[PDB]
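What you see below is based on every heavy atom in this structure, not just the backbone, and it leaves out hydrogens, waters and symmetry mates. Proteins come first, then strands; the chains are lettered A, B, ... in the order of their sequence lines, and each starts at number 1.
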Protein chains: 4
Amino acid sequence: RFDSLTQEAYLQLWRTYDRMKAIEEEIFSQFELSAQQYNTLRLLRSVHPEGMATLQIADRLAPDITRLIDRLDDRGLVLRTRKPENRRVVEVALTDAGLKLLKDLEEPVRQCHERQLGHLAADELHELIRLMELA
Amino acid sequence: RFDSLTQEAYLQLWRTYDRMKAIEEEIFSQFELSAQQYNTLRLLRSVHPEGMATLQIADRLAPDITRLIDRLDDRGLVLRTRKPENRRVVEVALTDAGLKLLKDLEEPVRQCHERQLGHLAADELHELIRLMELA
Amino acid sequence: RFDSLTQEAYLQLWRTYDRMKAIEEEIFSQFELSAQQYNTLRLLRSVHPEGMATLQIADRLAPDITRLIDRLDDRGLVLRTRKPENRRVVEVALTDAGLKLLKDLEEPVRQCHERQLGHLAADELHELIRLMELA
Amino acid sequence: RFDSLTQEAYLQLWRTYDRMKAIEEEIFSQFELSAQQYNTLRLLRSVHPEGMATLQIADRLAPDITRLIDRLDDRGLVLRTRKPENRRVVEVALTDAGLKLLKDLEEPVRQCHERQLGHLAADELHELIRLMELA
């Protein structure tokens with residue numbers, strides 16, 4: 001968790017979050033995804049072809065991840081397997097089409113990280129210019 | 001709380017926090033303060049000459065704020081008043097020397113916010129240059 | 001021409017030039033061009049399919065532009081036409097292959113301008129951090 | 001002199017000059033100076049208590065430097081000495097009041113260089129954001 005910052009540094013940290021979040025939402029909206037869905041698909045790529053238990057996905061990223069995964073399952077992007085010896089546990093793995101989607105997203109996401117860094121630096125420079133010029 | 005970011009945006013948000021936190025710690029260390037002590041003194045200035053209940057200070061910023069305030073009381077920077085009708089409640093107000101300390105800190109803190117913004121923008125530009133040049 | 005700057009602003013202006021120049025040289029070297037050759041080809045595109053007199057090219061950008069254009073002519077990127085009534089005058093126009101080369105250069109050059117702006121802003125922020133921290 | 005840049009890099013170099021020049025003009029106007037007068041006073045400080053020939057001042061920075069120096073002489077900031085053996089040569093040295101003026105200008109000029117660097121980096125980041133977002 002975030003320990004005490006001055007109010008001004010704390011508002012700047014939130015502005016950093018808000019700017020980054022908005023740029024990701026705009027790029028992920030084009031693929032009908034959220035960043036949490038991208039983060040699930042990336043996590044499943046790190047163990048592909050093996051699956052991961054729904055609870056372990058939530059722990060590495062909980063009840064909102066089942067609806068999230070339902071959307072990914074309906075799109076054929078992930079495959080669910082109920083553990084035959086423990087029917088409450090659902091393991092989820094990436095499919096070929098989830099791998100393809102992540103390969104198609106590599107360039108848009110890298111550009112999205114470049115736009116984040118650019119806008120963050122401009123926002124910070126606007127505040128720096130303001131502080132230098134009130135002094 | 002901070003909703004899902006990509007891992008990369010999440011690490012950048014933590015780098016923003018770490019950089020800002022370190023610059024404040026270095027300037028506040030010179031006055032033998034923490035940022036949470038500065039934040040308490042600023043909060044008490046907004047109601048000066050009135051005091052604020054220890055619980056309301058914690059709520060606006062809890063058991064760690066009493067040791068924090070003890071240090072400020074020992075330095076003569078704040079004045080405690082136990083409520084005569086409710087002895088468990090301790091109201092804390094700024095003193096003249098706490099007001100003076102905040103006036104002496106206005107310039108160092110503004111420079112500290114300028115150094116934060118500068119370093120944040122450079123750190124972000126280093127990552128942007130790296131991403132543009134791997135592509 | 002550049003009127004009086006402080007020595008420090010003058011050295012910074014030269015650092016701006018040196019950084020921009022080096023990034024262009026590296027991208028144009030890959031197509032076996034110089035920036036002055038790119039600038040000639042762009043100038044000839046603005047009047048294509050008409051040609052421009054060698055002297056007017058030099059004026060809009062003089063004896064070093066004939067060797068420069070010789071290289072472009074040998075590569076089939078420009079076409080020379082000696083004026084039949086005035087044999088000293090050589091009009092130069094872009095060819096289809098010079099147009100194609102400029103279309104292939106649009107993306108690399110835009111990225112080159114993005115890397116220039118990025119590096120310029122980082123170099124300036126390094127000097128700003130240095131000045132704020134000597135004070 | 002500045003060798004071939006792309007048109008876009010050349011306009012950016014001029015924007016760098018224009019921004020830096022305007023910030024200096026605004027700070028130097030407050031002391032009723034130009035940057036060329038500041039540059040003369042700094043040059044005379046490097047040889048103080050010795051003077052420098054008017055022609056050597058012009059060479060290190062020519063007929064416009066005599067009016068420039070006249071203003072500095074009228075303000076008691078420099079002292080002229082006509083060479084007794086060569087009456088055409090006028091050596092100019094800093095006075096105590098020219099040294100004092102340069103000591104009073106150290107902080108405003110350093111802040112002026114910080115505002116230049118800040119504004120340059122913001123201007124460049126605005127253009128970088130624009131280029132990344134047209135792509």
### Query
Does a side chain donor of either C:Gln37 or C:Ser34 reach within less than 3.5 Å of an acceptor in the other side chain?
yes
### Message
Just to be sure I understand the criterion: a residue of residues 118-127 of chain C counts if one of its heavy atoms is under 4.5 Å from a heavy atom of chain B. Which ones qualify?
### Response
C:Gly118, C:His119, C:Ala121, C:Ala122, C:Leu125, C:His126
### Summary
Residue pairs meeting ring pair (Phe, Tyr, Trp, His ring centres under 6.0 Å), one or both in residues 38-84 of chain C, sequence neighbours left out, come to C:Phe28-C:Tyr38
## Note on the structure
With sequence neighbours left out, the residues meeting side-chain hydrogen bond (donor to acceptor under 3.5 Å, both in side chains) with B:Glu114 are none
### Task
Could you pull out all residues at least two apart from C:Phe31 that satisfy ring-ring contact (aromatic ring centres under 6.0 Å, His included)?
none
### Query
Between B:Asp70 and B:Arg80, is there a salt bridge with N-O shorter than 4.0 Å?
yes
### Message
Under 4.0 Å between a side-chain nitrogen and a carboxylate oxygen: does that hold for C:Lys100 and C:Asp96?
### Response
no
### Query
Non-hydrogen atoms of chain B under 4.5 Å away: do they reach the side chain of C:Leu128, the backbone, both or neither?
neither
